[PDB]
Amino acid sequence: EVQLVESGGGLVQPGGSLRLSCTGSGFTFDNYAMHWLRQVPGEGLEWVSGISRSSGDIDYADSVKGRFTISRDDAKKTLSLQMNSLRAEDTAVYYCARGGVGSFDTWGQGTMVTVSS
């Protein structure tokens, strides 16, 4: 079955950095756009960043532009998100998700990211 597994989450202080990784199994990873979304515990969903097949098209939510960098390694079937200059409001569960051409059709279980002093 199509599965996504996030890693790299944890606790950092404001200004800190984390690198999230997502590994996909059970589908042809390089045939899909891949995304990061996040959810503050008890709250709603927010799209964070996404990358097309071939890394040909890349975008970020306005609130993370200039701070986050997304990349993929198709050979490894991995997606990465380098998150620099982290802020308190970046605290959330981060999900990797497979793109469903507008929607997000498969979600990982998520990894908690806490930014606190």
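One rule holds for the numbers: they count along the sequence shown, beginning at 1.
The PDB entry records a higher mean C-alpha B factor for 71-79 than for its counterpart among 71-79 and 28-36. When the C-alpha B-factors of 80-88 and 60-68 are averaged, 60-68 comes out higher.
When the CA B factors of the chain's modelled residues are split into thirds, the value for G99 lands in the lowest one. Placement of the Cα temperature factor of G50 within the chain: lowest third of the modelled residues, per the deposited record. Looking at the C-alpha B-factors along this chain, the one for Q13 belongs to the middle third. Among all modelled residues in its chain, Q109 ranks in the highest third by Cα B-factor.
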